[PDB]
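J.: Would you mind keeping the following structure in view while I ask a few things?
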Amino acid sequence: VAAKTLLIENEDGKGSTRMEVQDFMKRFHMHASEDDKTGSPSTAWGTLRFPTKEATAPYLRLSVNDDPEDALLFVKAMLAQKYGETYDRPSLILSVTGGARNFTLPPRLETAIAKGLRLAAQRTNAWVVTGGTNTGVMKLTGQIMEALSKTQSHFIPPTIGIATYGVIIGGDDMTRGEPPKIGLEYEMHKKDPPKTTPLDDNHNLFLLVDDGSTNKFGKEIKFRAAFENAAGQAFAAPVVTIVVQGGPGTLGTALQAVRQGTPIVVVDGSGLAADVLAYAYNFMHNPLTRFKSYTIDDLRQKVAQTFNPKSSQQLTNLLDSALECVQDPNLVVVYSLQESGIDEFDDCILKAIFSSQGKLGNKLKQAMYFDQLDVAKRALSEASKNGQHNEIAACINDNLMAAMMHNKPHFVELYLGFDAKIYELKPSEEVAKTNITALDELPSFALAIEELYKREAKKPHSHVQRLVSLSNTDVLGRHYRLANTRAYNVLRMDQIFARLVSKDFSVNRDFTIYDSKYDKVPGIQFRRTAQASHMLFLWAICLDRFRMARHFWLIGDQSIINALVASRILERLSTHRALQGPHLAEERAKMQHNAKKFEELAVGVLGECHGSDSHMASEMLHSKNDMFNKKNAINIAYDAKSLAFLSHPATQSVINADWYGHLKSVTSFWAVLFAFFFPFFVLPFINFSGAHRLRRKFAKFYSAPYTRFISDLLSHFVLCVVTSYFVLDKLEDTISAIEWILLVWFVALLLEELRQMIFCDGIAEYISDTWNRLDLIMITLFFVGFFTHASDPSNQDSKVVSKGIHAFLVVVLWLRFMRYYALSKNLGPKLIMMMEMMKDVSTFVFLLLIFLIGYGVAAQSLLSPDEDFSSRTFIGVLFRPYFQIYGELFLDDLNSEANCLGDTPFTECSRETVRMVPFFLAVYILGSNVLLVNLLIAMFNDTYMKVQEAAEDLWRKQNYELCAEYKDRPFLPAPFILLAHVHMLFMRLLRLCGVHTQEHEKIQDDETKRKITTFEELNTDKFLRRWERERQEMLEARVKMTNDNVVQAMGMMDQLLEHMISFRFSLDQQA
Amino acid sequence: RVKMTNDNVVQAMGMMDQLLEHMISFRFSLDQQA
Ligand SMILES: Nc1ncnc2c1ncn2[C@@H]1O[C@H](COP(=O)(O)OP(=O)(O)OC[C@H]2O[C@@H](O)[C@H](O)[C@@H]2O)[C@@H](O)[C@H]1O
Ligand SMILES: CC(C)CCC[C@@H](C)[C@H]1CC[C@H]2[C@@H]3CC=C4C[C@@H](O)CC[C@]4(C)[C@H]3CC[C@]12C
Ligand SMILES: CC(C)CCC[C@@H](C)[C@H]1CC[C@H]2[C@@H]3CC=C4C[C@@H](O)CC[C@]4(C)[C@H]3CC[C@]12C
Ligand SMILES: CC(C)CCC[C@@H](C)[C@H]1CC[C@H]2[C@@H]3CC=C4C[C@@H](O)CC[C@]4(C)[C@H]3CC[C@]12C
Ligand SMILES: [Ca+2]
Ligand SMILES: [Ca+2]
């Protein structure tokens, strides 16, 4: 079943149009006989079902007088039927022409040539033009292309066998039947006259050149050379011809290659015409002393031995064709296993590409393939030493975006190190004029990053276009739920990163520093390199390329903040619904491994900052970044939410220095408690930092969060003591004054809870605090107890109902006093561990509960039957068994309720069936105090030994949060917090209505921030170097490079043994 | 011991390159001698 519509490319080359298949191949023609100029309409084309080949290979019989552009359009239609319109464009045209007979080759030379051809087909995605023979040098190149097709998945490289229709083995049967031949069985073993060889069954496609004649070979050399010239003119690709052995037709192919300017590669030492070309390269081109013995007589003897001409004029024409093949030394590259080696065949292929004409963009763009850079570094050194600095600077931007396209980071570092700037990048296409001023203000390198995002979204099954398609934002970047063309601009990328990483981030994209009026500043080039490195770093995080983002994280600054934003961005990209799917799991796991790899390095950089200078690191961590929405890096670490960052002791020292504030940290808890007890008698005596300095010292004392912690703990302790004295006092007939004190006190706590709800960081976070929910239960049960007392103040029954609910309150009021235990070094993680441990007691309650109610219904059955059902029956089920697991089993009370009058207590009873009571007890008590009670002990030992370090890390995160919450809370205690809320409401009414309020903020100096930036760059580099010293200090990598040196010692051992065998053969032949 | 084995394989590469340069010089002297 062939395709009904064919996507044919136009003459402009932009896109393809769907049209008819038979109208497309009406221009292609075949020839039944050699006398017809038009020949026939083409019907020997379609799909060939080869044996041992499940892929439907396209085959096409085209005329010798037909156009090569129609064959290129048929190859583009076969590529559009292969992988759609999103095709992999080739960059090399490798031709396999040579020995059609199955000649003799060395195994190591053919192994190195097949490995270099498979590496070139894997790297460049090259087009293989074969001769169509099933035997000879086309069979070994077809086996190398079949090994490259079996080795490499996804888009296979297309290999085309260019044979003749003159050799028709089933091609007359392919001409039989209506076109298109969908699923035609290509019988290569079927005998048709005068065909002698089978076709290229290992090729991905077949092209049969037709003249209508028969058993005449060499008629298609012209059409294969015209197709190689059309492939060189189509994709602007170089064409190199690989030659192995080779008969008489091989030489002419190369002549026609060297006359047209196509370079050729000859496998030297293979034999036949390639040995004659190697002898002609030894005579005419090689000036060495071992190659000095070759002359024209030895080349004429090799031409008489190899090709065997019957005539002397044919021997003179073969000698002129051998001299014409060695006439151009640039277009001839001879590769041998004894000369080049084993891993230098593909280097000779890249040297034959590199010996072309001097288009340096096409030279260096082809040089960034198969992980090799020493040819391009020597070419850049030759362009630097030649003085041609204009064309290298013209081509280095295209080489930089091509090296950033195909993930070659050594070529990225070689292009960036060769006097080039990454902020002066040009886009691939022109930028349209935007009506919005935000898109119009971006320069051309942001259009180049948007062209990289369009090339990343042009790949099929992309998560980038699914992420933009599930973003539901506008084209400017706001979430408002032309625009489709510019949807991959960098501001919308920054908004969909800042919505994904946290809430309420907006980066400072200062794009006005790229003007030339501000270009005379001494530090604006490092700032524009920092902005270009930050946008290319966010591009490399978005494509999840780890080494590219490591290099862009290296050349930029603020590495800790950018690494933590990238670690939270790759934490949250794995949890996104657009990046979740069937095939996204392995990329999400490797991207989470890259998230842990970015999580380790900034912790190590801040460890090197703590090893360098602790005071400069404390000045670093309180510096608010202007490009990170004026926030400190500890808040960025909180929105990163990584517990390994906050468990570092340098960040804990920054948190303790923010806890003590401007006061020095020599005071203990009792010294600050005595200073809060005696303010006027200790504040000139304290060591901190005429009456204005003491007033500034008192204002620095009461602005500390630890002073507000002591004031809030003393206010809650005074509440709990005065409220417990209210509960234990007898309520009178009138309203007492201490109830008015607790009413105004708890109305001030209700105003504090309304201030905590109105100025909240989200309403869902206010519910998610446990202690604010306990404050809600606290204020609600005080309003129920106040309304129950004030409904009827003279009734004693309403007073004891009010004290009976106030008992539940004063149970609740001492459970709020856990919160001031969190700043201790010992109470905190054990309290967090107790709140973790409550789930294991709840499953202990869920395991005993059915034992409890089963023995309770058995004990209430056996203790008192023949009785009716009541609430006392529920008391007989649940009350007495529950306290038997705690110690006071009530066995004398069961003797009194058992109605037995014996001396030993269960004898002489009224019933025989009552005595089983102690026996169910003997089982209930056994199980409860032996199994379950003991099991928990083993639960608590295992739960402690699992999550004690998670209790330490969540205790330190509670540390930052408290500091932040009691830096946020105003300094007055609870009784007066209503006067501070009245002063805050008067300040908000003065700011909102009168608008006379003003404030001043501390502005950081530029030289101080430059000192922090050079301190971070000196540590960043230092940590990287040490890691790189420590990464080559482990066992496994040094055993790995020792193993690679023993394998290269085997290679140098085999080269020295081959040189010693050649010296022994020269010493044997010398005498 | 893995460290000094690695240093001996690196100095074996240095003596291997010196022996290969001496064998290339002896092969060039045998080529230029006859
Ligand atoms: N493309 C071909 N396929 C099969 N047989 C061929 C081909 N071309 C020629 N022959 C016939 O096969 C015989 C073996 O050819 P060789 O002398 O080994 O090679 P050569 O004559 O140079 O063939 C030239 C062509 O063959 C392909 O290997 C290669 O594409 C080259 O263009 C020759 O006598 C020739 O008549
Ligand atoms: C329900 C939620 C808020 C839990 C808080 C517990 C307090 C507020 C509730 C739970 C159970 C309640 C008691 C249930 C039953 C009675 C008997 C009635 O004749 C007087 C009130 C009294 C004594 C209630 C007082 C308030 C009480 C103790
Ligand atoms: C597995 C364990 C935790 C089960 C929980 C025990 C519950 C269901 C039982 C154990 C003891 C019981 C109490 C014991 C006695 C009385 C006095 C009387 O006025 C009946 C209700 C009341 C107040 C019971 C209520 C329910 C009670 C609290
Ligand atoms: C299989 C499980 C239940 C264990 C077996 C234990 C059973 C068979 C035994 C253990 C203790 C026994 C009781 C011990 C003593 C007496 C008092 C006697 O005047 C009547 C029988 C009675 C009440 C027994 C009934 C059977 C009894 C409950
Ligand atoms: Ca840096
Ligand atoms: Ca609160």
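Scheme for the structure tokens: letters A, B, ... for chains in order shown; per-chain residue numbers from 1; ligand numbers from 1 in order shown.
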Skipping near chain neighbours, those fewer than 5 positions away, what residues fall within 10 Å of residue B:34 using only C-alpha atoms, listed as a list in words?
T.: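 Listed by chain and then number, they are residues 1066 and 1070 of chain A; 29 of chain B.
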J.: Please check which protein, DNA or RNA residues sit within 10 Å of ligand 3, counting only C-alpha atoms and all ligand atoms, and write them as a PyMOL selection string.
T.: chain A and resi 841-853+871-883
J.: Mind listing the residues within 8 Å of ligand 4, only C-alpha atoms and all ligand atoms counted, as a list in words?
T.: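 The residues near ligand 4 are residues 912, 913, 914, 915, 916 and 919 of chain A.
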J.: Output the neighbourhood of ligand 1 as a PyMOL selection string, that is, all protein and nucleic acid residues with some atom at most 9 Å from the ligand, counting only C-alpha atoms and all ligand atoms.
T.: chain A and resi 95-103+129-139+161-164+167+196-199+215-221+224+243-253+272-273+307
J.: Report the residues of stretch 520-558 of chain A whose backbone DSSP state falls under alpha helix (DSSP H), written as a list in words.
T.: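 So, restricting stretch 520-558 of chain A to alpha helix (DSSP H), we get residues 524, 525, 526, 527, 528, 529, 530, 531, 532, 533, 534, 535, 536, 537, 538, 539, 540, 541, 542, 546, 547, 548, 549, 550, 551, 552, 553, 554 and 555 of chain A.
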J.: I'd like the contact shell of stretch 17-22 of chain B - 10 Å cut-off, only C-alpha atoms, skipping same-chain residues fewer than 2 positions apart - returned as an NGL selection string.
T.: (:A and (1049 or 1052-1053 or 1055-1057 or 1059-1060)) or (:B and (11-15 or 24-28))
J.: Around ligand 2, out to 7 Å and counting only C-alpha atoms and all ligand atoms, which residues are there? I want them as number ranges by chain.
T.: A: 777, 781, 801, 804-805, 808
J.: If we count only C-alpha atoms and set the cut-off at 12 Å, which residues sit around residue B:2, ignoring sequence neighbours fewer than 5 positions away in its own chain? Please answer as a count of residues only.
T.: 14
J.: Do a neighbour search on residue A:892 at 12 Å with only C-alpha atoms, toss out local chain neighbours closer than 6 positions, and write the hits as number ranges by chain.
T.: A: 898-900, 904-906, 918
J.: Would you mind exporting N, CA and C atoms of the selected residues as a JSON list (two decimals), in the first residue's frame?
T.:
[["chain", "number", "residue", "atom", "x", "y", "z"],
["A", 898, "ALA", "N", -18.73, -10.50, 90.46],
["A", 898, "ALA", "CA", -18.93, -11.88, 90.04],
["A", 898, "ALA", "C", -19.90, -12.64, 90.93],
["A", 899, "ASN", "N", -20.25, -12.07, 92.10],
["A", 899, "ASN", "CA", -21.15, -12.62, 93.14],
["A", 899, "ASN", "C", -20.71, -13.99, 93.65],
["A", 900, "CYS", "N", -19.41, -14.16, 93.85],
["A", 900, "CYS", "CA", -18.84, -15.39, 94.37],
["A", 900, "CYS", "C", -18.34, -15.15, 95.79],
["A", 904, "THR", "N", -10.65, -18.30, 98.23],
["A", 904, "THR", "CA", -10.09, -18.08, 96.90],
["A", 904, "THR", "C", -11.22, -17.56, 96.03],
["A", 905, "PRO", "N", -11.02, -16.49, 95.24],
["A", 905, "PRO", "CA", -12.14, -15.59, 94.91],
["A", 905, "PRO", "C", -13.07, -16.07, 93.80],
["A", 906, "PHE", "N", -12.65, -17.00, 92.95],
["A", 906, "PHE", "CA", -13.57, -17.56, 91.97],
["A", 906, "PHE", "C", -13.79, -19.03, 92.32],
["A", 918, "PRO", "N", -11.76, -14.73, 84.37],
["A", 918, "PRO", "CA", -10.33, -14.60, 84.46],
["A", 918, "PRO", "C", -9.58, -15.18, 83.27]]
J.: Identify, counting only C-alpha atoms and all ligand atoms, the protein, DNA and RNA residues located within 6 Å of ligand 5, and give them as a list in words.
T.: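 So, counting only C-alpha atoms and all ligand atoms, the residues near ligand 5 are residues 554, 555, 556, 557 and 1017 of chain A.
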J.: At a cut-off of 10 Å and counting only C-alpha atoms and all ligand atoms, what residues surround ligand 6? Please answer as a list in words.
T.: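 Written in the requested form, the residues are residues 749, 750, 751, 752, 753, 754, 755, 756, 757, 766, 769, 770, 771, 772, 773, 774, 775, 776, 965 and 969 of chain A.
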J.: Could those selected residues go to a file with N, CA, C and O atoms, as a tab-separated table (two decimals), in the first residue's frame?
T.:
chain	number	residue	atom	x	y	z
A	749	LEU	N	-5.10	38.38	71.07
A	749	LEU	CA	-4.67	37.20	70.29
A	749	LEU	C	-5.54	36.94	69.07
A	749	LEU	O	-5.05	36.38	68.08
A	750	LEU	N	-6.82	37.34	69.10
A	750	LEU	CA	-7.67	37.27	67.92
A	750	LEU	C	-7.28	38.30	66.87
A	750	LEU	O	-7.33	38.01	65.66
A	751	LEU	N	-6.84	39.49	67.31
A	751	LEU	CA	-6.28	40.48	66.40
A	751	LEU	C	-4.91	40.06	65.87
A	751	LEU	O	-4.56	40.40	64.73
A	752	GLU	N	-4.14	39.30	66.67
A	752	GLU	CA	-2.87	38.75	66.20
A	752	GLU	C	-3.07	37.62	65.19
A	752	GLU	O	-2.29	37.50	64.23
A	753	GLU	N	-4.12	36.82	65.37
A	753	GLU	CA	-4.47	35.79	64.38
A	753	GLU	C	-5.06	36.40	63.11
A	753	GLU	O	-4.84	35.87	62.02
A	754	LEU	N	-5.77	37.53	63.24
A	754	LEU	CA	-6.25	38.24	62.06
A	754	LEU	C	-5.12	38.97	61.33
A	754	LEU	O	-5.19	39.14	60.11
A	755	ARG	N	-4.08	39.39	62.06
A	755	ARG	CA	-2.90	39.95	61.42
A	755	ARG	C	-2.07	38.86	60.75
A	755	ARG	O	-1.44	39.10	59.71
A	756	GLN	N	-2.05	37.66	61.33
A	756	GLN	CA	-1.36	36.54	60.72
A	756	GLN	C	-2.12	35.97	59.53
A	756	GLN	O	-1.50	35.36	58.65
A	757	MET	N	-3.44	36.13	59.48
A	757	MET	CA	-4.22	35.71	58.33
A	757	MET	C	-4.28	36.75	57.23
A	757	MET	O	-4.34	36.39	56.05
A	766	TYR	N	-1.61	29.07	55.93
A	766	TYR	CA	-2.08	29.43	57.26
A	766	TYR	C	-2.85	28.28	57.91
A	766	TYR	O	-2.78	28.09	59.13
A	769	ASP	N	-0.22	25.26	58.95
A	769	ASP	CA	0.43	25.31	60.25
A	769	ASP	C	-0.45	24.66	61.30
A	769	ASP	O	-1.66	24.91	61.36
A	770	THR	N	0.16	23.80	62.12
A	770	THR	CA	-0.56	23.09	63.17
A	770	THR	C	-0.88	24.02	64.34
A	770	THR	O	-1.98	23.97	64.91
A	771	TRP	N	0.05	24.93	64.63
A	771	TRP	CA	-0.03	25.81	65.80
A	771	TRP	C	-1.04	26.93	65.60
A	771	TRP	O	-1.67	27.37	66.56
A	772	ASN	N	-1.24	27.35	64.35
A	772	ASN	CA	-2.28	28.33	64.05
A	772	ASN	C	-3.66	27.69	64.09
A	772	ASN	O	-4.64	28.37	64.43
A	773	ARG	N	-3.76	26.39	63.78
A	773	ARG	CA	-5.00	25.65	63.97
A	773	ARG	C	-5.31	25.43	65.44
A	773	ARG	O	-6.49	25.49	65.84
A	774	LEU	N	-4.27	25.25	66.27
A	774	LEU	CA	-4.43	25.20	67.72
A	774	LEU	C	-4.81	26.56	68.30
A	774	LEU	O	-5.57	26.62	69.27
A	775	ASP	N	-4.33	27.65	67.68
A	775	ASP	CA	-4.77	29.00	68.02
A	775	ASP	C	-6.22	29.26	67.61
A	775	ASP	O	-6.92	30.02	68.29
A	776	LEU	N	-6.67	28.62	66.53
A	776	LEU	CA	-8.07	28.74	66.10
A	776	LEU	C	-9.02	28.00	67.05
A	776	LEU	O	-10.08	28.53	67.41
A	965	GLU	N	9.75	34.15	60.92
A	965	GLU	CA	8.45	34.51	61.48
A	965	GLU	C	8.59	35.47	62.66
A	965	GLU	O	7.77	36.38	62.81
A	969	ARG	N	7.35	39.27	63.06
A	969	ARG	CA	6.42	39.67	64.11
A	969	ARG	C	6.91	40.95	64.80
A	969	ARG	O	8.13	41.13	64.97
J.: May I have the residues within 9 Å of residue A:647 as a PyMOL selection string, using only C-alpha atoms and disregarding those fewer than 6 positions away in the same chain?
T.: chain A and resi 952-953+956-957
J.: Only N, CA and C atoms, please: the residues just picked out, written as a PDB file, in the first residue's frame.
T.:
ATOM      1  N   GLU A 952      16.581  16.130  62.322  1.00  0.00           N
ATOM      2  CA  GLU A 952      17.583  17.209  62.411  1.00  0.00           C
ATOM      3  C   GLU A 952      17.486  18.218  61.260  1.00  0.00           C
ATOM      4  N   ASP A 953      17.245  17.735  60.031  1.00  0.00           N
ATOM      5  CA  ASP A 953      17.121  18.632  58.876  1.00  0.00           C
ATOM      6  C   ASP A 953      15.811  19.424  58.880  1.00  0.00           C
ATOM      7  N   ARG A 956      16.251  22.142  61.479  1.00  0.00           N
ATOM      8  CA  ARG A 956      16.986  23.307  60.973  1.00  0.00           C
ATOM      9  C   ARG A 956      16.155  24.158  60.010  1.00  0.00           C
ATOM     10  N   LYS A 957      15.262  23.518  59.240  1.00  0.00           N
ATOM     11  CA  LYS A 957      14.337  24.270  58.388  1.00  0.00           C
ATOM     12  C   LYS A 957      13.247  24.961  59.217  1.00  0.00           C
TER      13      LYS A 957
END
J.: Pick out each residue of stretch 295-453 of chain A that DSSP on the backbone tags as strand (DSSP E); I need them as a ChimeraX atom specification.
T.: /A:332-335
